[PDB]
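In the block that follows, a single chain appears as structure tokens, in the form deposited in one PDB entry.
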């Protein structure tokens, strides 16, 4: 449970918080890491501090106690008054204490401000000038329930339904930062856009001045770790300035060690830089450049409806154990199941633009099985193979669901109708019209048009514009970037997409119908579809004035 931050990032963070420190004015800075681990950040802080003190040793000796300020006394001073670390791992603290002791190589048995504790529970007796480090990331599934009760009761300003632990670490760091202090940390990027991060974003916006956001997007910073990172730097300084420097990466395939320093990478063509006014932040943080801001605002102003206005959205089936209820359509065991119980089953990869692949799987809609005696063959020879796993589901332990029932079988009538489907995680917009009453898991989302908006919007028109290049860019501006070439397509953002209706409605609809007709051929002339899409994109750009 210990993660090594790359040295280039560690150096950038420490330098970010200490480059302009006035050691003459304040020779007693407090630099804290509340998840210090083996001291990836703190040892570097020691190096920076030692150079800072030794470069001004004679100035300090003249302004202050001349006997206290010598080179020989630097190592002691740093440990007594400057470096502070906290971590839950005892072995890590022991190792870091030995490393800090070996920075000099007893005289008086120097005390080192290292605490082996839960930083979210520690009674912190004073605030700190500088806070750096890499907090732990633990999500809603992997966090202990008993501990989650404490977080919900005590960190309710940032920790709620599906929040993450590092939300609480952000709140703690902000709370124990001195007036005029500086904090710089590396966390997941997901709180910048996620629905769970709304309270955290409000807290950060309204309690600190955000200096800088480095967004690495899908680039893999931590080797062999599936997480997407960002660096946040904030302060509590009295300033009328309220502008943020945003560095957003341009090529996610870059390796982090191209130059000797991260700042060389940030100044290069690998990153784009722009400024965001913190006072103009809403509940969402729309961090885009002026071209994209103009693009987004044009679209928002022009469109008079949203998908939420005109549609009904729902998440797919959650069986609770897929292997028990999902079978290949050529499985011999499917001869045991009456066709009234069987539904077509698709995965996210089966969703293309405008149409769905033919399904290869069948769902046993076991909610329609009455009792265990009439269909004993289905239960004993198909579903019962996983009975233990099925009995451990939450709604079975509580007794709400029978052991063979789907955990969340939703409502059949919602699926057995003409509707639009899209994958929950994709590199591009893929909205299809489903004609075959397809069921799917939560990896696919569905919506259908309300009855009162059918005369205004058709499924063909909607899949026309939603699959356009304009709308790919428009959705990705505010979407949640998960990993390299993966965006979240969830209703909490998909339903916010704004749509329009003007003189180009009929031609866009006709082009969409032609695309759908071609895609459903035996001899698919795939080429002409691209030409038709280009023409449709021209129509949409004409419609939205871009």
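Residue numbers count along the first chain shown, from 1.
Looking at the other PDB entries for this protein, residue 460 is present in the model in all of those that include the residues around it, rather than absent from a third. For the cut-off of one third of the other compared entries, residue 106 qualifies: that many or more give it no coordinates while modelling its flanks. In this entry, residue 105 is separated from residue 106 by 4 to 9 residues of the deposited sequence that have no coordinates. Look at the mean CA B-factor for 419-427 and for 447-455 in the entry; the higher one is 447-455. Checked against the record, the higher mean CA B factor of 462-470 and 275-283 lies with 275-283. Remark: of 434, 309, 380, 357, 380 shows the highest value [criterion: C-alpha B-factor in the PDB entry]. Across the options 198, 111, 298, 349, the residue with the most elevated CA B-factor in the record is 111. The deposited CA B-factor of residue 165 belongs to the lowest third of values across its chain. For residue 491, the recorded CA B-factor ranks within the lowest third of the chain. Only modelled residues enter the ranking. The PDB entry assigns residue 402 a C-alpha temperature factor belonging to the highest third of its chain's modelled residues. Residue 524 sits in the highest third of its chain by CA B factor, as recorded in the PDB entry. Ranked by C-alpha B-factor against the other modelled residues of its chain, residue 247 falls in the lowest third.
Below: the form deposited in another entry, not depicted.
In a two-body description of the motion between the shown form and the other one, residues are grouped by which rigid part superposes their C-alpha better; on this basis residue 317 and residue 187 lie in different groups.
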